[PDB]
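Following: one structure in structure tokens, then a few remarks.
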Amino acid sequence: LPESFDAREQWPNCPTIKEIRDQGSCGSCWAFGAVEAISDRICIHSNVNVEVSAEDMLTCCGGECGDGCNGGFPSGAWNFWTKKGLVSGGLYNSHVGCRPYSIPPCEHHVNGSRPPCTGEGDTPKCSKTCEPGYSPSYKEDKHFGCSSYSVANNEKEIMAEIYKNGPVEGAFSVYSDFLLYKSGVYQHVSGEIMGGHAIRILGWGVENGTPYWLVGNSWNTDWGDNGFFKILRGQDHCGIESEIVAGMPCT
Ligand SMILES: *[C@]1(C(=O)N[C@H](C(=O)N[C@H](C(=O)O)[C@@H](C)CC)[C@@H](C)O)O[C@@H]1C(=O)OCC
């Protein structure tokens, strides 16, 4: 395996890999890390390009994935992709795809032109229909996964999975000092525990002798390093290597 790897550079024909979404004022990171990595993989393993709907995952999976905007289970999200499939759906107000995200973007621990994010956000309804004007139907727009698995808490196995099959979804414990991340390799030193946070791991590298994971957050582009961040790799730091999940698209 190479010393560094950036899925963005390795799969140039898959622009979703470079995208950063905004989960809005809703605890839907579990769903976002999933649809983001799924969008990347559909492109990687089908050379088709599709913005997988965070809305479809968030609203229609149900108990199998947890509790919507109240948090969920990453592995459960990939299961939904294989069982019910996922329709397309772009950013809030984009009118792209069957079911675009319905929760407005906001400022995540940063100042900006958008309204500040709030904790209170209700899970939207599971509507099995597409926005007006979009074709095909909701049912016909479903994209299915043909496998859903969990990668072991093993640095090398995780790197190999990304190297071969593309970005994966992971999760780590967020402490308050992470909220102010701007650059460099994040290492937890202080702050009260905020809770688990699901994200998308798309690569790895070494910065100033410090090995790290290249990660895409779902708090828009004005948070962190253009929406991305790097976190210590190899020591299951904050559990970053303890909850890796992925899957492969059908055909
Ligand atoms: C994962 C999750 O969504 N994380 C939360 C989050 O992103 N909070 C944002 C924020 O801090 O900007 C606000 C705007 C929404 C409440 C927090 C807990 O980090 O609860 C979600 C989940 O499914 O966790 C299990 C992996």
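Here, residue 1 is the first one in the sequence, and each next residue gets the next number. Read the numbers this way: they start at 1 and go in the same order the structure lists the ligands and their atoms.
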Checklist entry - Which one holds for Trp219 and ligand 1: side chain close, backbone close, both close, or neither close, with close meaning a heavy atom under 4.0 Å? => result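 For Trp219, only side-chain atoms sit under 4.0 Å from ligand 1.
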
Report yes if some N/O of [X] lies less than 3.5 Å from some N/O of ligand 1; otherwise report no.
| X | value |
| --- | --- |
| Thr118 | no |
| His197 | yes |
| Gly72 | yes |
| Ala171 | no |

Next on the checklist: Looking at non-hydrogen atoms alone, which of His109, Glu107, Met194 comes nearest to atom 10 (C) of ligand 1?
Outcome noted: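 Nearest option to atom 10 (C) of ligand 1, by heavy atoms: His109.
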
Checklist entry - Which protein non-hydrogen atom lies closest to atom 24 (O) of ligand 1, naming both residue and atom, and how far is it? => result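 Looking only at protein heavy atoms, the one closest to atom 24 (O) of ligand 1 is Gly196 O, 3.4 Å.
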
Checklist entry - Which residue owns the protein heavy atom closest to atom 22 (C) of ligand 1, what's the atom, and how far is it? => result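 Sorting protein heavy atoms by distance from atom 22 (C) of ligand 1 puts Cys29 SG, 3.3 Å first.
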
Next on the checklist: Looking at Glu161 and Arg41, is there a salt bridge between them, counting it only when a charged N and a carboxylate O are closer than 4.0 Å?
Outcome noted: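 Salt bridge present between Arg41 and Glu161.
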
Checklist entry - Is the shortest side-chain N to carboxylate O distance from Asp56 to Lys84 below 4.0 Å? => result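 No, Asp56 and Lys84 are not salt-bridged.
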
Could you list which atoms of ligand 1 come closer than 4.0 Å to a heavy atom of [X]?
| X | answer |
| --- | --- |
| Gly24 | 14 (C) |
| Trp30 | 23 (O) |
| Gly71 | 20 (O), 21 (C), 22 (C), 23 (O) |
| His108 | 10 (C), 12 (O), 14 (C) |
| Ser28 | 3 (O) |
| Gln23 | 2 (C), 3 (O), 6 (C), 7 (O) |

Checklist entry - Taking all atoms of both residues into account, what is the closest heavy-atom pair of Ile201 and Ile199, and its distance? => result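 It is CG1-CD1, 3.7 Å.
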
Checklist entry - Using 30° and 60° as the class limits, which term best fits the ring planes of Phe229 and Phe178: parallel, tilted or perpendicular? => result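 Aromatic pair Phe229/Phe178 classed perpendicular.
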
Checklist entry - Heavy-atom distance from atom 17 (C) of ligand 1 to the protein below 4.0 Å? => result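 No.
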
Next on the checklist: Taking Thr59's backbone N and O only, do any of them form a donor-acceptor pair with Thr123's side chain (distance below 3.5 Å, no angle check)?
Outcome noted: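 Not a single qualifying donor-acceptor pair exists.
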
Item to check | Short side-chain donor-acceptor distance under 3.5 Å, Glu241 and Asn154 | outcome: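 No, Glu241 and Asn154 have no side-chain donor paired with an acceptor closer than 3.5 Å.
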
Next on the checklist: Within the 3.5 Å criterion, strictly below it, is a donor on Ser88 or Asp141 matched to an acceptor on the partner's side chain?
Outcome noted: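 Yes, a side-chain donor-acceptor pair sits under 3.5 Å.
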
Checklist entry - Do you know which of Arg114, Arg21, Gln23 makes side chain to side chain contact (heavy atoms under 4.5 Å, CB included) with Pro105? => result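 Running side chain to side chain contact (heavy atoms under 4.5 Å, CB included) over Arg114, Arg21, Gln23 with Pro105 returns exactly one hit, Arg114.
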
Checklist entry - What residue among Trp219, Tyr175, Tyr181, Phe32 forms ring-ring contact (aromatic ring centres under 6.0 Å, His included) with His197? => result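 When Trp219, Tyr175, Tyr181, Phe32 are each tested with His197, the ring-ring contact (aromatic ring centres under 6.0 Å, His included) holds only for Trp219.
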
Next on the checklist: Looking at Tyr134, I'd like to know if the NZ or CZ of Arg99 sits under 6.0 Å from its six-membered ring centre while staying within 45 degrees of the ring's axis.
Outcome noted: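 No, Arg99 and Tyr134 do not form such a contact.
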
Next on the checklist: Using heavy atoms and a 4.0 Å limit, tell me yes or no: is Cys117 in contact with ligand 1?
Outcome noted: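 The answer is yes: ligand 1 sits under 4.0 Å from a heavy atom of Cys117.
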
